Every structure is written in C-alpha cells, then in structure tokens.
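These notes are about the structure you will find just below.
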Amino acid sequence: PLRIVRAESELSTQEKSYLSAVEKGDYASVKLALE
Amino acid sequence: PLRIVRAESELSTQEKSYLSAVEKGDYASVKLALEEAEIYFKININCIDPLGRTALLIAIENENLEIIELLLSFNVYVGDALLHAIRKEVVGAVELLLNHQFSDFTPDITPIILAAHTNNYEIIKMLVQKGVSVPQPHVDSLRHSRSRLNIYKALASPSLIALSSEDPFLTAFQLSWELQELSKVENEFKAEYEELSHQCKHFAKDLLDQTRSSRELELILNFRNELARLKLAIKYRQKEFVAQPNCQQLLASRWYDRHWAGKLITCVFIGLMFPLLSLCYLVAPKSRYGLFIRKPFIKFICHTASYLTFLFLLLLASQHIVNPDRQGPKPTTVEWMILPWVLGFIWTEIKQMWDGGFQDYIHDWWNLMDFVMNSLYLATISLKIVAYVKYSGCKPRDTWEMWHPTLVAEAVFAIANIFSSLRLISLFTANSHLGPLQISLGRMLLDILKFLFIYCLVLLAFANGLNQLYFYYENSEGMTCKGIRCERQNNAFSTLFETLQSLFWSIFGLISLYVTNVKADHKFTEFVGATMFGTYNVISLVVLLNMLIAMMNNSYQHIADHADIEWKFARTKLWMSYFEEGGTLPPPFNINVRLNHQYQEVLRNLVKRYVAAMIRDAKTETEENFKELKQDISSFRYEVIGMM
Ligand SMILES: Cn1c(=O)n(CCCO)c(=O)c2c1nc(Oc1ccc(/N=N\c3ccccc3)c(OC(F)(F)F)c1)n2Cc1ccc(Cl)cc1
C-alpha cells in the first residue's frame, strides 16, 4: 500500500519562524514580528 | 590471571580534543577544526570513538543543532544519522537530515517503519508528506520472521491509522483479528503477537470515548438496519468496544424502553399473565396489549416464565397419581402438554440452523447442550412410538427383559430432564450479582479439563494392576447379588469394569475394606492388594486433589482482573437477541448521498480530538518541567546576545 496524508493541509513558510521564535523565546524577534 | 585487550585498536591523540569540543558544545572550536584549506590537519573528521559514536552521533545526542548544521555543511559521512535521529525523536535534526561496515539497525528497517515504531505524530507526518510506502506483509527463516514482525509492529501504531486511513474503526477491527490468528500459526513469538493485538483493541475504545453528544454516538453505531456497526463489533470479539459506559447506557435505554421488593413482585405479576399478552400479539398486534410484548424486557420475562411453566409440569410427570404398570402405554396427560414445548425447541433450533452451518454455531456450549437434549427427546419419542404399536398387556414389571423398549425410553427421557434444567444457569447473565460469578466459574473450567488426563492415567494403571492381581479369585457361588452395589460387597476386583468402578467410588469412601479379601488363606496376595489400594488412595486424594486446589486458586486471580468487560459483553450479546421480531412468541405458543458525509465529518472530529488528547498526554507526562528550564535558559541567552 501507499501511505498518504489524508484531510490535512500546510501551515506556512514564513509563519514557521514566527512560531519558533516563541517556541525558543526571544523578545526582540517576537515583538518585531508582531509590530 | 593476566588480562589483555582482545581485538581493539587506538584511534588518535589530536582527535580527542575534537571529540570533546563537539561534545561540550564549542561551536567556534568545531568550526576551526573542520576549517582546513588546501591541506588536511591529519585529523580524521569521520573518526570513531571507543564508545562507538561518530561525530554526527555525538551532536544529535546532545540536541545541539548548530554543530549538527556546521558538520553537515562540511560534508561529513551521512547515511546512518537519520535513523538514529528518528529513534531519538529529535524533530529538529530529522528535517535537517532529510533536506540534504557496522550498523546498529537491522538491514530491513526503513525510516518510516522506525518512525512508526517510535509512534511520533510529527515525524510520521513529515515523512509521509514527502511520500513513503509501507511494504505489504506476505531460505533464511530468521530474517523473514523478523521482517514480518517489524512491518506488523509498525502497521499497528495508532498514529499511522489516524494519519492515513479511510475508516480508523474498520482498520482497527480487521488488523486486531489477523494479528490474533497469526499468534498461533507462529507459536514462537506468541507473547509479542498477542500484545500487538491488545493495543489495537483499546484504540477503538479510545476513539469512541471522544464522543461529545448523543446524536453522533448513534450515527457511529448505525453506519452501514439498526445498530449495524455494533453487530459488526461483536463479530470481531471487540470486548472493550462493547463494554463502554456510553454504548451500555444506549443499549439499556432500548432494553428497558422501583426497589428490591418492588421489582420481584412486578416481575412475578408480569410473568403470571404472559399468555394473555402473547395471544394479543396474534389476535391484534396493536398498542393496547400487543405492543407490550414488543418491549425487550417484557419479552425476556415472558420467555423465562414460559420456560418455567414447562419445568413445572416436568416435575408433575413423576407424581404417582398420573397410571399402573403395563407394556406399551399411551402417553399420559402431562406428555401431551409437554410435546408442544419439545416441538417448539426443535423448531427454534432448526430456525437457528439456517444462519449457522457448524461455523461458530457448534463451538458455543449452550448449543451443543441443546442439540444433545433435543436428540434425547427425539429418541424418547421414537422409542415410545415403537413400543406402543408392537406391545401390549399388563404384565408385571418384575418380569420384563432388561432391554425392553419402554425401560430404555424412560431412561433416555430421564437423562433428558437433567439437561433441560441445567440451562437455567445460562440466564444468570442478566443479574448484576450472579452474572460475573457464572462467567468466572466457566473460565476456571478448562483448567480442570487439563487435569483429568493425569487422573485417567493413574486410575487406568492401578485398575490394570488390581485386576491382574485379583482376577484369579472370581466366584459367584451362593450369592444373590454380585458387585459393589449391594449390601454385602463382593467381587470388587474380578473384572476390569468392576475394577474401574471400584476405584471411582473409593474417592468418596463408598467402598469398604473387606472387599480386598478372598475365600482362601493367602495373606500375601491380600496384603499386596490392600497395599495397592492404599497407594491409589494416597496418590489421588492427598497428592492429586491438593494440586487441583492449588492451581485453581492461582488461576482465579487472573480471571477476576478482567471480569466486568466479559460479563457486559455476554449480557449485550444476550440483549441484542430480543431487539428484533422473529421470536416474539413464547415457545408454548410458537406454532449513501449524505450519511457518508455526516459519518466522515463525525470521524474527522473524533480523530482530531483523539490526536489532541494523545499529544497532550504524551507531551506532559515531570517531563513538562524539563521544557521550562531550557526555555528560560534560551531566553536568557538570547537576551544576553541582544544586549551584546
Ligand atoms: C501405602 N500404605 C498402605 O497401602 N497400607 C495398607 C496396607 C495394609 O492393608 C498401609 O498400611 C500403610 C501404607 N503406608 C504406611 O505408612 C505410611 C503411611 C503414609 C505415608 N505418607 N504419607 C501420607 C500422606 C497423606 C496421607 C496419608 C499418608 C508414609 O510415607 C512413607 F513413610 F514415606 F512411606 C508411610 N502404612 C502403614 C504402615 C504399615 C506397616 C509399616 Cl511397617 C509401617 C507403616
């Protein structure tokens, strides 16, 4: 059989860095992204 | 003794600092070590340590991704680090290792199989997003058996079922069954095949446990007449899927559709008036009194009362009032009101035949206990009808031959009342107190059957010995009776039949001690016979009946661990037989376009909630306290870097 991804989509290519910023924690980048 | 190292070489001196640098985390030092222009520093970057880990293995062990990227940008050896990263479940390193002779992983282990073994939702999702295929399970018997087990161990992971399927319920049922029949045709990894099937039974229960409202639970259990999916789960022996509080409540609501003393009298009152409401089902199946019998609870009471009516007059067929002794008698009054019940039971069995075919129809105990009694009743009818037309005359009963057909018919009729009255215990799976007791009592009974094969050999051996010793002294001179079943027991060990009977009645102490004597002054043979009888008594009563207690006492504890999920399963099986028409008459009076879309939407909601719950539970569990330290350390480091 061929395993596939069912009923799912992709998040983003630029929001991954924004999420990782709050994942690791850095006030500068997190603030800058929102501002 | 003198000890020296066997088959080991020394690596180097310069590389020790390089290994320590990549271990500790000196990012600049490892960059400098790899920084070689037009000449190598004689330092082998792809060197191994006494511990056996490569430079890339040390880095992925310490989670330091920066040195991992530094090493990868210099083209160090790669090809085994991806599997180690997946095994360590470091998600950051997996992506890096993906967008780029001694091994510790079996040559059949693909990265997808190892990821499914680890059971990580993120790693499996990342791997499948690029497109991977799991091989289909169908010389070197060691590798082929292991390869099959690794594919099944990775095909049963809950994450893969929830991530790639069309109906996570059906795949859980089918895979759990084919993993159960594969544990017996492969009886060398049976322990690791039963457990793999066990975890596929709880997945369906957990997926069903995520229901929020009553409407969606009904749609799940009515997918593909009524309760179509529930009947499918009973087929695959899904005990955990059925013994769940929500579906138990749903079934109880249909079943019932008061106090301890306020229920027994109500049941008696309802059962006393069963014929009226049963005739109402034939005269006019309407709401006033014909729809009452349609309630499963009401139907169960009436059938129980009707069967007790048959049992009551069965006790009235042995009252002296109802007939003298005479050859070939016409049946008495009771027999003509007994015949309808026997005919109804035979009719019910024949009706049950059409959906069976000896496939799971004869394995159940209370089907082979009904076939025997029906056969006995038919044989009684045949023998009585044979004796009626070819015999007559009020000859005294003390003159008939021992093989007279009337005697045999009476005997087989008597052997048939013991089996009809022993099926009332099958109705104990409806009481909350007597229910679990019967189920647990019938499970510590295959252990007793295994213990008979030793007693039947000891008995045969001692019977052979005693008969061989005593067969020379048979006598029947001046005695009215002969055997052990009279007042003056004699000829106890003269033949093999009487010897096998004498050693059975000695368990209960019903055989005396003067049966080991002979009509001669041979004290040597009498002493040997007595010693053999005593040796048989010792073996079977203090050595063999104390190991049956000892091994039943240590087998009841396992049965009581899971005894509510089996009693509820049996009770649901009993309940579902009364839900539909085709039997709503006591034995006495016996003669898609959008449903798929809605189901898929509910399935999506259930799968998403289950994924959220599993990731929440796995992430949190002491383990949550580890993340905060790293988070605050990283925040402090970033703050310091920003200030500098
Ligand atoms: C097997 N037998 C026997 O058939 N007859 C009947 C023959 C006469 O009709 C005995 O009379 C007898 C006996 N055995 C005995 O002595 C024992 C008893 C029990 C032992 N052990 N355990 C148990 C365990 C549970 C319950 C009962 C006994 C045991 O253990 C041993 F020493 F290791 F042998 C030895 N006697 C009595 C006797 C007669 C003559 C002498 Cl000189 C000495 C003793």
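Each chain in the structure tokens gets a letter, A, B and so on, in the order shown; residues start at 1 in every chain, and ligands are counted from 1 in the order they appear.
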DSSP-assigned alpha helix (DSSP H) members of region 227-421 of chain B, reported as a ChimeraX atom specification: /B:228-235,239-242,245-256,261-272,274-283,296-314,333-353,365-389,405-420
Within 9 Å of chain A: residues of chain B, using only C-alpha atoms, as a ChimeraX atom specification: /B:125,128-136,160,163-166,604,630-632,634-639,642
Cut-off 12 Å, only C-alpha atoms and all ligand atoms, neighbours of ligand 1 as a ChimeraX atom specification: /B:513-517,523-546
Exercise: region 458-472 of chain B partners within 7 Å, only C-alpha atoms, chain neighbours under 5 positions left out, as a PyMOL selection string: chain B and resi 493-496+499-500+529+536
Just write the chosen residues, C-alpha atoms, as a PDB file, in the first residue's frame.
```pdb
ATOM      1  CA  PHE B 493     -11.688 -56.564  41.592  1.00  0.00           C
ATOM      2  CA  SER B 494     -12.767 -59.557  39.490  1.00  0.00           C
ATOM      3  CA  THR B 495     -13.082 -57.844  36.078  1.00  0.00           C
ATOM      4  CA  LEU B 496     -11.892 -54.591  34.509  1.00  0.00           C
ATOM      5  CA  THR B 499     -12.275 -52.545  38.925  1.00  0.00           C
ATOM      6  CA  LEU B 500     -12.729 -49.215  37.135  1.00  0.00           C
ATOM      7  CA  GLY B 529      -3.940 -55.879  47.063  1.00  0.00           C
ATOM      8  CA  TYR B 536      -4.051 -45.476  44.937  1.00  0.00           C
TER       9      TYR B 536
END
```
Near-region 315-324 of chain B list (7 Å; only C-alpha atoms; drop same-chain fewer than 4 positions) as a count of residues only: 3
